[PDB]
Ligand SMILES: CC(C)CCC[C@@H](C)[C@H]1CC[C@H]2[C@@H]3CC=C4C[C@@H](O)CC[C@]4(C)[C@H]3CC[C@]12C
Ligand SMILES: CC(C)CCC[C@@H](C)[C@H]1CC[C@H]2[C@@H]3CC=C4C[C@@H](O)CC[C@]4(C)[C@H]3CC[C@]12C
Ligand SMILES: *[C@@H]1O[C@H](CO)[C@@H](O)[C@H](O)[C@H]1NC(C)=O
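Residue numbers (the numbering used here): 3 to 1943.
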């Protein structure tokens, strides 16, 4: 058994090594694919970021001073790493580190709190007040003098504020960068420089395709109109800012805020009150503007006082201090004197009062001029949403539109606010997040904190407006007890890494690893099915191998070659840095499991098929289709049950995907795939794991293998035996010969007995019906008998079947040769398989190689051997194993006679004790070879004996053959013959030949001897030329045992051709399954799938409204922080936040959304924690810097997506409550919130992160009550009074504006910055969380300030977001995606529609690869009419298919194509595309030569061409650049017209574009009436496509239309024929050749050389040929297939070179290789070829019936011609040849594979045709056929006719003498006869001698002497039986072939 595995393994390895080209691709293809994967890896670096804590962003309810800071210092979202001061429990300022803050802190720390400074100031103020009324001090001032000194001393001014601020003071500072650098430090102190902003890399989200393609199209530039009714200065300013590429996005994003408007619809007095109370910030800013403007007037008064007042007298007195008060000046002077000089001014020098006053003047005038044209009256009224939107578009096109507030509940007469007030905010969609989706689809592992594209509710202007409106509503409904502000504070985020690869390596790795093995699968299945197509599997099984061994060895071979590639690929992956952290061994095992599943899938796939090419073409596609469902099941894994998963894992490719998902997800989180963490579901309770996936793949492999084995063993091909679904006429036998196979008493339901002998080559003869096949089956081990015994040398079949199989060779009818194996390896392998050892096999192989004659091709491929040598090798390998019994089956079936003789020589050399048993159909072979023939018929063994015994037992008399030169008269021949022997019958007379018959009973020897003496002496006197005697041929014995109608021509004949071709095509297509499937099904299903995947995207209108509450995010955790519990208002605020109404609005008393009901709650439980954590926290005293165990980030070589980090992080869990709103609420009161969030978020997301699709983080925000922003201890009244008194002293009166601005100062001061605010933590990874929790906070603020007489469970504020309608550009940008999906649909449609003509080309190739096309061309059909009729049929069929596809399109009701104004365009496009694509692929039928290879190439080419020609032009049209894009696209668009597919692709795409544009203009409301057939849009495609189709057809017709030496010496007959042709050329010679000569190009050796013969009517000029002489060539160019080089071949006078149609109508071909359509019925072929031949229609039945009757075959007449066998096929071809009674009828091997009693019938018909008077021309290898039916043979050796003449004359001159065989009575009696022949006949070779019978070969023409001697000495020689014969014709041809070499 193991020997079988070893042999098959060695053979498979040898074959794989021999192929040598599949091997390289095998090893290279996956390496190239995964090198592409490596390059993808190396061009996608991973983004790693440090911990990220953010500052808080103030809101307009926190006063305009902090809010402004929070909109200038936080335009970048700094993201520091250390926590900001703003996240501390009770601190909100976040800016104690700016220069101003520190300086002011110092200013308090030495001045306000100073013990004596306040007293000194009060004293100075009192003294100043006294002096003004009039109109023991000084020591206090000196005491203050040191205090200001160290106020200067503190290092907030020595360096800071005096090394930074003066930097801009020298000259003009740079405008943009370092001014912001200094101002940021001057206003907000921020550590670590400024911090690094996080970026956003989710381009594919938000559906912003500009970023990926890199398109610099921002937005249309806003319309400019000079007159805004505003000062020209800032009209010029807008001119400047709207032009430069610098500061163009910033101004476009900031103009709405500073200058835009706010439009509110209801206009009711209540809305007016709401938006008057929501107006505070604008009053504040406008008050600041008034103050700045009033300084403009107050200033000149200050200057006038400073130079013109009593202060001049005071300054003069101070200058007089050296004359008055020098002591006081010197006590503390010169610096004061310098200030006094400045007071004096009139000084060129700098650093004086003039300079500081001038700089203050300049800066304040500049600030006033800049501020003077803001817009602080933003509120405009309207009446309904319609006018609001109509004005909103008009404003927005100018880019002055902030937002629009709409109250959906109050009519224009409303006066009292309802409890549940509701409003909506409408804005442009470039300013608000989209309102249809609430979460990013694929979870990026970032914080989503990039200020430009993540935050858009903040810089856009949503949150500010919402805060203003909600504080307005709050202050309107309730009183003003105390105001509290709102700070938004983004939640912190842990330290992440963003690996952009993992998305790619998720989906791509499966499909790449499947494409890696789409070639190996095809090769393996092709090999497996090819081994079974050529019947070698049956041969192997017969010799003894089991069925399991074949499967096991196929598996081992494939597994070895695949394992090599898997090892290479795994090393390549691991050391190419695609996977970073993974045990390579487990990855290798995973790949091996997939390979095993794939190999067993190949085993199963090979079971369905039976062809070779078809399997190789289709198996890879089947493999890919099997993989395909994993793509569908990849976006639905969040709803897919584990039970479903395991069930849908039955496909190995699908299982691969489910494993690589865990591969990538384990590689991403850092640990990677290792042994310990395998088989464990990474997510929580998936129950699906890697190890179980591998086990499922192994189970898949086992199931595939068992199913394949059962299916094959139950459904074998045409060759195996399917299993049930369940599973005196006999020569005396002289005792000398030892019996070899003594089968006796055999029965089967044959009833016979016969004993084959030791050495003699017994021939077995029969009709194949009554035996000779079943008997050979029982004799071998193939099949067991019933009630019989077959004794093979003493080992009965039933009893022993091991030794019998060991010692009985067998050669089947077909040869048994592996490809790619040399003869030596074949012979060694076949010797070993029988059972010898290795060395014995080598010795036997060498010896029998020497005995065979193939030793010179010792190492030559078994494909390069010629057919004769292949058959000889097969017969030789039937002799291996030293088999003492051999059973051939038709040796030398179709080999040329020389190889036939060679195989006979082999058989003679190996008959020494072998008991050969040949079963043959030929009769000469069974006679010249067999030593005893045994015939069986009816099941009876009729006779069996020596061929001499049969020829002399019931054999007819010896016939007589005579030939003349016409020139011999008949009467005298018969006269003399009958006079010598009066019992002679002239049995047959043919031209130039005469055949008699003479009996052998009363043999009358003297008369015979006289007859031959007379015919030899007087040979030439009569008309004779030669004569001979033939003994009864064995074929006769074996058989005995068991004029033309008128033809149409002209124009009716062409109509006959058209009708006949059309009917033939239709009748073939109507009865075929596969054409209909590839013609009606596949296009329909592909179009249907494309359309079904088209409508999956619903049409989009305008963005829907979406109310704003947190519970749109599902189930979540939200916390709070009760801080600063002293204040009663905050206590009741906390109570309202917790218990009374709930968190937001869900449990409102009256009602709320009906989809969100709320129930009861839980009484404030606390989670239970393991004692580990309690002991951990008790054992170590954690400081306040770190309260919880710090947990580790992603270090090097351990990069983790989120930091896995130990238990106990974040501290003990806080008490919880499942609130009424059904949202678990925690309570972080005395507990770091930032630290807790940071070290709790990882585990929280890990517990909820499966598939990373629409993931739900369990916490989205919370509200932290309490935060105290310190405020200055200055009241408004004191400040204004101080300024008023100061102005009173310095003679300052102001005026109107200084009074209108300095009158409302207390409210201005009170609204500046607020106090006791609250924080709103918000997780921004949910898009609408910020505004939602802002709304919740304001609801709480409202509900906490009620007057306690009204229940707080019914008051609330509800915000709704819904954007305006989209304009031109946004609508176009949306419609681009629909255009893209329609383009994909168009590509799929062209692919589906191109599936149709590929079948047409398939049929064309299948018909051309036979001779069917050429045979029709011979019958008389022009090329042009052939192609025209085929084109008409193809057009009609494609019209049917396109009508079906149009119907499918209509079914879907697609408005784009099926509109009544668009349907004609679709119909025309489809029909014309067929019209233009069919002629394009007509020429492709000439290139290929095998269906299932042309189809793949045509489909792939069509798909690729369409994809490129559509996608390239569409994408390039999407662009706008003109360099390398626009002109190149235009020139490319013109070139790509040459492809028909491009044309219809753009047709469909342009129809979609026109429909989209019309849809847009209908939505806004216009009319766009572009009809599709407009030349620019569609109509160039139709014109160009039609012209292209017309050009293609002409090109196809053109391609079909296109692509001396002196006479050497010869014998007498060839030269005589030459002269009979050249001179006195005959008139009646039907076919006359004239120096026909053809030389192959590039060989300089003539294939033929100057043939010259003519054939008379009634002369079967059989034309033989030595192998390679080119008889095929002379036929191929006599018909017309191959062009002629010289000479001319006239037929019935018509030449062949010039006019050929008459020749074709005057001849009838019969190709060697049968050419018939496998679907048309038997009678239909005759119908067809009769119609082409032109016999009229009314009598077609008569001719068809004559032809069907003449050839038998009448019972197979009406049946599909593919169901016939070889004999019936040849009969049909012959009947086709004789269809119209043509004068010349040119056959070529008429009878191959036919059995006697049928071959005779075909020969008879031919003989009758010959006798009618019409010539024929034969060509064959079976020389018995020629000798039977031809009358003028001619042998052609090397391009020339070696010999010509009648059969008898040829075998006279060329042939040797008569062969006389005779037997004596015993074996000793035979010796004496011999020397008698040695005496009288000196020339005597004994050809063969055997026991009791010796056959002399005497080369003596004078046979009369042999006759008279052998009948005078009949007694004395003891001669009982004898026979005289003559050297047959084959001997002559073998002599020729032998002398050739
Ligand atoms: C319009 C004229 C010229 C041509 C019409 C051709 C039509 C009739 C042909 C084209 C494809 C054909 C089908 C192809 C395959 C099959 C499967 C076979 O098991 C039954 C017949 C059936 C179902 C054929 C019915 C006839 C059919 C629909
Ligand atoms: C992906 C696309 C382009 C190709 C699909 C797979 C190709 C290779 C397959 C699918 C259908 C197959 C054909 C189905 C039927 C037949 C008829 C048969 O008498 C010859 C082979 C032939 C013509 C096959 C050739 C190979 C084939 C064309
Ligand atoms: C930070 O801000 C507040 C303001 O008083 C306070 O915590 C502290 O004084 C400031 N300075 C620090 C913490 O250095």
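Every residue, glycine too, gets a C-beta built ideally from N, C-alpha and C.
- Taking C-beta separations shorter than 6 Å and ignoring five residues to either side along the sequence, the partners of residue 837 in its chain run 808, following chain order.
- With a cutoff of 8 Å on beta-carbon distance, residue 418 and residue 279 are scored as not near each other.
- Residues 1793, 1827, 1830, 1831 of the same chain have their beta carbon placed closer than 8 Å to that of residue 1805, with the five preceding and five following residues left out of the count.
- With a cut-off of 8 Å on Cβ pairs, the segment 1905-1915 is not in contact with the segment 1622-1642, counting fewer than three such pairs.
- Within the segment 1268-1304, no beta strand (DSSP E) run of at least 3 residues lies entirely inside it.
- Ligand 1 approaches residue 1078 closely enough that one of its heavy atoms is under 7 Å from the residue's Cβ.
- Under DSSP, residue 1323 shares a beta bridge with 491, 1264.
- The residues 765, 922, 935, in chain order, have a CB closer than 6 Å to that of residue 928 in the same chain once the five nearest residues on each side in sequence are set aside.
- The closest heavy atom of ligand 3 lies less than 7 Å from the beta carbon of residue 87.
- Each residue's CA atom was taken as its position, placing residue 699 and residue 652 some 8 Å apart.
- Under DSSP, residue 961 shares a beta bridge with 1032.
- Apart from sequence neighbours up to five positions away, the residues of its chain that approach residue 11 with a beta-carbon distance below 8 Å are 555, 558, 559, ordered along the chain.
- In this structure residue 1817 is buried. Its beta-carbon is surrounded by 16 or more other beta-carbon atoms within 10 angstroms.
- Exclusion of the five residues before and after residue 67 leaves 1314, 1315 as the residues of its chain whose Cβ lies within less than 8 Å of its Cβ.
- Taken from the Cβ of residue 1398, every heavy atom of ligand 1 lies 7 Å or farther away.
- Between residue 1915 and residue 1938, the C-beta spacing is not below 8 Å.
- Look at residue 158: its beta carbon is at least 7 Å from all of the heavy atoms in ligand 3.
- Residue 93 has its CB nearer than 7 Å to a heavy atom of ligand 3.
- Relative to the non-hydrogen atoms of ligand 1, the Cβ of residue 1480 never comes closer than 7 Å to any of them.
- Assignment of beta-bridge partners to residue 575 by DSSP yields no partner.
- In this structure, residue 1774 lies near residue 1724, with their beta-carbon atoms less than 8 Å apart.
- Taking a contact to require three or more Cβ pairs closer than 8 Å, the segment 852-859 and the segment 873-889 qualify as touching.
- When secondary structure is reduced to three states using DSSP, residue 1691 falls in the strand class.
- A heavy atom of ligand 1 is found nearer than 7 Å to the CB of residue 1071.
- When beta bridges are read from the DSSP output, residue 1846 appears opposite 1836.
- By the C-beta criterion, the segment 995-1002 is judged to be in contact with the segment 962-971, since at least 3 inter-stretch pairs fall below 8 Å.
- A check of alpha carbon separations from residue 83 across 373, 194, 398, 1664 identifies 194 as the nearest.
- For residue 948, the three-state secondary structure derived from DSSP is coil.
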